[PDB]
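Asker: First portion of the complex, with coordinates as positioned in the assembly:
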Amino acid sequence: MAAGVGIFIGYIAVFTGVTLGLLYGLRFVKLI
Amino acid sequence: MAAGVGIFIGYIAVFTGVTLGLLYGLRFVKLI
Amino acid sequence: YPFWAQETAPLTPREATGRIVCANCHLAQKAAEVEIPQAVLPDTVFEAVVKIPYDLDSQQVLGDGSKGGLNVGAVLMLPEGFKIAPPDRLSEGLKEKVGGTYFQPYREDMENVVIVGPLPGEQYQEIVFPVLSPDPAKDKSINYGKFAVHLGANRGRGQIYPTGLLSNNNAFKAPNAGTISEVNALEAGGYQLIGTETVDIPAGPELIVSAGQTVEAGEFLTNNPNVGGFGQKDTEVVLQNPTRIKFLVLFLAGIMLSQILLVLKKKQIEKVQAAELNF
Amino acid sequence: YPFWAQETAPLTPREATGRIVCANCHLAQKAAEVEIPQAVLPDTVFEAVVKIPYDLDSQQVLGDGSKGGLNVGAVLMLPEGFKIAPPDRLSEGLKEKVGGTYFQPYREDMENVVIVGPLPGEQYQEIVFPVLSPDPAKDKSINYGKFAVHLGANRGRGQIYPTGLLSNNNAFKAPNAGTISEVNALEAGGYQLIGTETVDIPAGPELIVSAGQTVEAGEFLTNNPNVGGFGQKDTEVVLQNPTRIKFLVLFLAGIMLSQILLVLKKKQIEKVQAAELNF
Amino acid sequence: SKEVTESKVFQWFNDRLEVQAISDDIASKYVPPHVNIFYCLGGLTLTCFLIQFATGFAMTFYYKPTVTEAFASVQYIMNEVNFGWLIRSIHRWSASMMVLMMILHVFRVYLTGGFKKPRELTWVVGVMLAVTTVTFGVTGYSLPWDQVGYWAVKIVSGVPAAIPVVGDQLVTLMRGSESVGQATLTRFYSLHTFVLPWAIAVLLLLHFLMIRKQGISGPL
Amino acid sequence: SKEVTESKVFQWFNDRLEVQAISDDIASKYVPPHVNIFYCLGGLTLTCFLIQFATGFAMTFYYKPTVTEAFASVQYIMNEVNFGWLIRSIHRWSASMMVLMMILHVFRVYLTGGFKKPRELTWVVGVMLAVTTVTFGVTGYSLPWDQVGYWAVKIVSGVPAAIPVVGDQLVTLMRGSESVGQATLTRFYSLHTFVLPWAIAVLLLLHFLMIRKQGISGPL
Amino acid sequence: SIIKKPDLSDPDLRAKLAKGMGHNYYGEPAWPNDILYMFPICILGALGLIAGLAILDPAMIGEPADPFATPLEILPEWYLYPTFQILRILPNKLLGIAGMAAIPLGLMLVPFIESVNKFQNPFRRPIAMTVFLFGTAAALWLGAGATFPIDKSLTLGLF
Amino acid sequence: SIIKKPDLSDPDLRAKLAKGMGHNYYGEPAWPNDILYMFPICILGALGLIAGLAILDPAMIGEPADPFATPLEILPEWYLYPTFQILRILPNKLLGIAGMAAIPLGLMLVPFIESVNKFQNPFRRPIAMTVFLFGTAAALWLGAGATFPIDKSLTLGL
Amino acid sequence: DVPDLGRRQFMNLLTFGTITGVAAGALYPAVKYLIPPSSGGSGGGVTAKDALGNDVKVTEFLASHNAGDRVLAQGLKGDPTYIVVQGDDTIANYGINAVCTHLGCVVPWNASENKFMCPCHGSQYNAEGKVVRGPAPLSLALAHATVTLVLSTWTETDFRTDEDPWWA
Amino acid sequence: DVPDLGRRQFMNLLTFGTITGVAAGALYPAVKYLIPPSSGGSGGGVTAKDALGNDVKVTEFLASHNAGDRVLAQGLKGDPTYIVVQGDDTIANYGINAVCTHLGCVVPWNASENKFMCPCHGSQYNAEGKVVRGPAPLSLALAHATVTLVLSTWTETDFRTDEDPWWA
Amino acid sequence: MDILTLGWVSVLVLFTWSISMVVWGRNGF
Amino acid sequence: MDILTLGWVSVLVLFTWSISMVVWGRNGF
Amino acid sequence: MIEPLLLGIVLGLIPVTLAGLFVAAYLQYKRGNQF
Amino acid sequence: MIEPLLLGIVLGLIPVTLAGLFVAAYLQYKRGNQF
Amino acid sequence: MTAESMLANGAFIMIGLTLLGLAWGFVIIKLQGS
């Protein structure tokens, strides 16, 4: 309930980071 | 197998007769 | 005989595999037919015609060793509630048709399974069973519907007695291979074959293997004089409810009246459509 | 006491209706709660806190008749395979937390059902059971899944002895209606009452029905001195397989990646459509 | 009403769902003169299936699909339940008549060139419907758990044991166990009452949709 | 593959069945700006039913609807069958989430005026769908034949007895007998696996046909 | 308006007729002439025939299953008589499986094997008719043999 | 593309809009933008949540049914908590049946009772929203009380 | 010269009324099938069955149960019934239907307080079935024990509430 | 720039391959669920069952059969296997699997002809199981019947056809 | 006056009459 | 750290992320 | 089990249906089509 | 029986869905439509 | 019928009844003409 908050924050951060990375690296290579 | 033939003949005759009677009666009373 | 089936299998003549226990001793298999009505009404007497066919010009060997005619026998397993009609209820025409044939219930309270025989085959190749159908209206443990009728019929002598011994109405074999070379009539039609290997051929069969020849192991020493045989057959009989048929007739007549009315309605709509075209 | 439950119901402390046998002699009803973790790992020592709330200041009539404190006791029916962890498996913190409380398996091979008590309720408001979850990987008779943990906890003196004789911690009732019209203290705090009416009252309860008046059939003659009660709490615990959670996390991460890729594909298709309209 | 002749409350539905669109769609099709009495066969198959959908439905209220009660439940239907004999016998006879009508429908379709271009997919889905109907019959033959049905399933289920590698796995999959027992009865009841009704419904939907789209075949 | 892009072995299917027609019909629909995330709820309800159609399907291969084998079959699914715990738990959870998504879908429909004219029939069919799902869970709550399900049915099945005229007759009709037992289990299993799946399929077809015909409701 | 002639002056109907479709656009109207008045006739006929067969020849309960006793005669339903026959006379069980599985797979190739000509009349496709007649005769012969001892299942008795 | 504006110059579309229908003819295209790319997102989310709940909170087996021993607390599924509560608190069992059955039959009259006004926004339907909020609160209160003894079931422990 | 609305409606009525008669004659068997068959015996032909479904003999109750105990057995209409031991004998002339008259739960016995206490809502019945407390509207039914066993239907007037048997 | 056919096809591949991976990960439990559980007893450790499902007791099995009598009982994988009484003892070294090798019928034993004769088509076996007549392609499977009853899977060389066990 | 004969004949004539009515209503074979 | 917490968090983040992806993909709420 | 009535129905309906189909095909063969 | 996690999910998703629907209604009520 | 072994008899009856159904449909068609 407490370390779960940290895991939630890290999990959201990791998936937001990979979302933005895929978006910008696929728009960069004109794929999307 | 023999009286059955008679029953079948009579039964066909009866239902054909009522069929024709209904058809000609409804033609007579302008229902058809 | 049927009572040997009563003694060997006293609970029922039909095993769980559907095979009548008469085949344990009667080895040959031929045709045996039963003419049962497709449907019978409750509390009505009907004849079951058991045909036990075999040519009347073929004579089998007898126990002593001489040849002679055959004797038919049968077991008819009817559905529960059916039984041989008493002489009081069956008609005079059926009375002269069944003759003086004797039927036993094969067991007490098991009157649906009726045995008969041995009867001579010269006049009993066709046996009439005056079966009496039960009425589910009086008996509440009996229901209408389709049920199985089993039959097992035999013509000749059996190969094996209830004590396991072999009759003379079969082909005899060798215990093993050897050199017998000893054929002699044992004061009758039987032989005593004795390298030295003990075997006895009864008076019935006739030796086929020549003396002084090295016979194989388990080979036919004599021919097979089994003229008769045992054959079984299962059919189905419908214990029918007359009320069912009455309501069925009413239902089908209503269906056909509906069909006629449908065709008349189509004719009326055809005339209406022809009017709508010729405006 | 729980050993009286072992004697009254030597098989199971629970009936098929779900009621714990404790309520058979503990007529009152109170609140009892258990903090079982929703999910536990196999072969993992975990604490189950059984709280038996009652007011510490409130005092009940003792066995002799005087007021006194309340002793608490409980039965915890852990799922099949669970057991109180042996002192060696407990960590130092948990060992210090549980204290010197003594637990019993209530039966042979029924170590999952654990009784405790009587314990002084002044300090044992909460009793920490050091439960040890089983290991389905080793124990082939135990499976992972959600199981029911029943709890029956009592804090007051029982009303009925194992022989059926009532205790003094209850309100007494007249058997029938009568004008008993007599009170006499039997050289102690416990007075006795003497149509023909025979009612005896120990030193526990206090009278509310005056003397020399009509007593109806079955009315509360005395005050109800019970201040405690017995309560049940049916809860659930999940014996969880860590491999299931690992594969669940992997599967959900795959789902989230798939959703991200679906949104990216939608963005690409929107980009394509925005140019196809620019014709 | 023939399709729609004279209605006033019908406007409430027509303003919302436009039922007259369905009316004018149904009344726009025509039956060509080359349609014989033999074109009624496929629909008859459907009729029989509907009976199987009906009388089978009823028999699901009393049949117990377990090896200790399947035979008992069947004879309870036949003897104790009101008109249970009629429902069960209708189910059997209409299964047989479904297969017969389907065979005659195949004969008609082959003998009128109803499968040729552009009706290849209709014929393929028809063959799949035929396989589904045969599966209905096979899985329903063992449901009574009488001796004939039990031995028929024990024979047909051990047939895949001839395939060299995947034979044992296939036999186990069809039987639900090593041998024909309770698992086989449970799987066959699920096939007969759940799997195959939905499969044949999907196949019938495809079949009828293709027939509706492409119409009936041309004259011979 | 987006809608249709460069499908050219596809000319066969388009020539026979003209499936470019349904392709263009599907691609001719638009989603208005006012459609927010709450319009995904009803579809989620359907999603849940699809899961219930699958996992429940699977549990028909191992569950035996008999009072002497129902509970044992359920515990056999949980303990012995591979991923049987997963299938059964998914079934229960997706039943609960079906009903929850249904309630949220009703909240969306009412709080967006989606039931107003001309969508009264859609709301009526939806209420019938809700009744079907509620009775679906009612019939399935006792299939395990544990204490909870058996006693819940024994409680809810004797309720109609308060009706004076046809009370006990209704109680006997739902229970399949005078008392809750094997007949009740068989009838409830037939309702759960056969009757109500078809009823809810027909109601879902009507619901979706009305929605497709009339489209989504107007902006708020 | 009894029969509507095909309007060949319609380009869409002409295209459909060239493609093989469009035969549901002429003749008697489907509704209500056929679907409403002729379909229920066949429905009621089927219902009456099946109910009469059920009443006059009710289904038989049979004997309870015995895993230890094989019946003398075991048979599937009638339509499985040929395939069952293929199972019991073919010595190679793999060949029996192949023969049983080649019926559904061979029947799906009929619209593609016979895609050489657009002739729908049987008298204009004699090879197809010979193959179909041979297939019907073979299926009926195997089904008849399935009700015979395995020795006589081939010749059915031989006169 | 981005969005298609409603073509009000179209007569059929305007007629549909006047009738309340025809709203699926403007905005973002349904395929593949939403049906092919947004629907699978929700389907995968629902499947993942249901599988996660199944793994982290499996379905318990229970105890075999005993016709002679009713359990201490018997309850239907959560969505039957309100109606079951009605059965508990209405002493007239016929009235309890009527009240339980008036929910599905009472909802079927909602589109016809509220056919007075064309408005769809909740803030333009004061009486309808008052009734809806009162009914939702009452249903939640009955469902919450269903998990209480029949004594304090009307106060939720006050 | 053509069928107008009236004649067409009359022909429709005739044709589809005959079809509806056929349909009713075909649906009567289906409805009669879906109604469970009456095979519970009779009101006086239901014996006392145990948990396993076997009848409990009156002779067995000696040395098998204590004195004054009340034990559950299958009774009239299948619902559980408390067969009462009278302490000296083994049974009585009546058996108390254990199904609660409020909702339907089986009411357990409570020897200590001499009352039937429903565990779901706390309703109380006395040692003979009469309502004492709780939300129960009616009193527990009575099963007339016969062999001293068969739990026939008790139709004699109530010896508890002084009225006709509500269960009958 | 606009994503051309190649880029859109690659992006489709990525998205729907992740979709396919998730779908396969979800379907693996579904496929493994429909596969029957690995609970077919034990290929070498299952005792002998009678038609009533009970263990057949050797003491009951002894002194209950004649010399050279073969009665079949449930065995390996539920297949009926004959437990031969050779005349002196009540057991033998081997158990002949009654399930025929032609279709799957259970061959009965005729002690009259001292042979296993299939009833379905007339396949015949010798006293030990070696094929001598009929269309049965291979010989009847054997087992190990040991007690002092447990029958285990046969692995040693076939003492009848002089070959390795085809069933294995 | 045989009831079994009456039922069999009724079924047979239903088959024949259904065929004949489909032929008559559709006005040809 | 914990594994039960890890699974619970995974399910919770899946719920949150499904909502977030539906919102982002449809470009608003 | 063999059902003689069902097999009789099958063997009476198959040949006559085939004969009728061939007769209808012949009748359409010896004349023209609808257009 | 009572399932606490499921009841928590229900009691969390009902009010938030109602509040979100009312908020979306308010946002569409303070603003116009497309046509 | 009231006679079993309805295989050959059943086949002949089905053939004859199909032919008679066709024939009687045509007979009624001919007799219905005004």
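Answerer: Right, received. Where do you want to start? Numbering: from 1, shown residues only, chains lettered A, B, ... in the order given.
Asker: Now do the strands in chain E.
Answerer: Using DSSP state E, the strands of chain E run over E:30-31.
Asker: beta partners of residue E:31?
Answerer: Counting by DSSP bridges, residue E:31 forms beta bridges with residue G:28.
Asker: Could you check how far the residue of chain E found nearest chain G is from residue G:120?
Answerer: Nearest residue of chain E to chain G: residue E:113, at 2.8 Å (Cβ to the nearest Cβ). For every residue, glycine as well, the C-beta is placed using N, CA and C. Counting by Cβ to Cβ, to the nearest Å, the separation of residue E:113 from residue G:120 is 3 Å.
Asker: Ok, residue A:15 next?
Answerer: 62 Å.
Asker: now residue E:149
Answerer: To residue G:120, residue E:149 is 42 Å away according to Cβ to Cβ.
Asker: Residue A:20 too?
Answerer: From residue A:20 to residue G:120 the distance is 63 Å (Cβ to Cβ).
Asker: So for those two, which sits in the more crowded spot?
Answerer: A direct count of neighbours by other Cβ atoms under 10 Å in any protein chain shown for residue A:20 and residue G:120 places residue G:120 higher, at 21 against 10.
Asker: Helices of chain K, start to end?
Answerer: K:3-25 (DSSP state H).
Asker: of all the residues in it, which ones are close to chain G?
Answerer: Proximity of chain K to chain G, by Cβ under 8 Å from any Cβ of the partner chain, involves residues K:4, K:7-8, K:10-11, K:14-15, K:17-19, K:21-22, K:25-26.
Asker: Most neighbours of all those residues, which one?
Answerer: The residue in the residues of chain K next to chain G with the most neighbours, by other Cβ under 10 Å, is residue K:17 (29 neighbours).
Asker: nearest spatial neighbour of that residue, skipping sequence neighbours?
Answerer: residue C:256 (5.1 Å; Cβ to Cβ, 6 or more residues apart in numbering or on different chains).
Asker: can I assume that neighbour is in contact with residue K:14?
Answerer: Yes - applying Cβ atoms under 8 Å as the test, residue C:256 and residue K:14 come out as touching, 6.4 Å apart.
Asker: was I right about residue A:12 contacting residue L:16?
Answerer: Yes - contact criterion Cβ under 8 Å: residue A:12 and residue L:16 qualify, at 7.3 Å.
Asker: while you're at it, add chain P from this line:
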Amino acid sequence: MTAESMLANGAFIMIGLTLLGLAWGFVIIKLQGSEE
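Answerer: One more piece, chain P, placed on the ones above:
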């Protein structure tokens, strides 16, 4: 998260996570820009 009873906590978490999911969707919309 490895608690004992998740009725109140479950409801609060569900509400908070729904709101957070909407907020994070809008955050990603803001952080995706318009065109690079």
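Asker: now the residue at minimal distance from the centre of chain O: how far from residue M:14?
Answerer: Residue closest to the average C-alpha location in chain O (Cα atoms, centre = their mean): residue O:17, at 1.9 Å. Distance, residue O:17 to residue M:14, by Cβ to Cβ: 14 Å.
Asker: And for residue C:72?
Answerer: Distance from residue C:72 to residue M:14, by Cβ to Cβ: 39 Å.
Asker: Of the two, give the one with the bigger neighbour count.
Answerer: It is residue C:72, of residue C:72 and residue M:14, that has more neighbours when counted by other Cβ under 10 Å, with 26 against 20.
Asker: Show the contacting residues for the more buried one.
Answerer: Residues in contact with residue C:72, defined by Cβ atoms under 8 Å, 6 or more residues apart in numbering or on different chains, are C:52, C:117, C:118, C:119, C:120, C:121, C:124, C:125, C:127, C:153, C:154, C:155.
Asker: now for the helix or strand encompassing residue C:238, which elements pack on it?
Answerer: Per DSSP states H and E, residue C:238 falls inside strand C:230-239. Judged by 3 or more Cβ pairs under 8 Å, 6 or more residues apart in numbering or on different chains; DSSP states H and E, strand C:230-239 is in contact with strand C:33-35, strand C:39-40, strand C:145-154.
Asker: what are the pairing partners of the longest one, and which direction each?
Answerer: Right, strand C:145-154. Strand C:145-154 has its sheet partners listed here by DSSP bridges as strand C:71-77 (antiparallel), strand C:230-239 (antiparallel).
Asker: can you state the direction angle for that strand and helix G:39-56?
Answerer: Computed with axes from the mean of the first three to the mean of the last three Cα atoms, to 10 degrees, the direction of strand C:145-154 lies at 50 degrees from that of helix G:39-56.
Asker: buried sites along the helix or strand just after strand C:145-154?
Answerer: The helix or strand immediately downstream of strand C:145-154 is strand C:191-193, counting by DSSP H and E. Buried residues in strand C:191-193, counted by 16 or more other Cβ atoms under 10 Å in any protein chain shown: C:191, C:193.
Asker: With stretch M:11-18 instead?
Answerer: Buried residues in stretch M:11-18 (16+ other Cβ under 10 Å): M:11, M:12, M:13, M:14, M:16, M:17, M:18.
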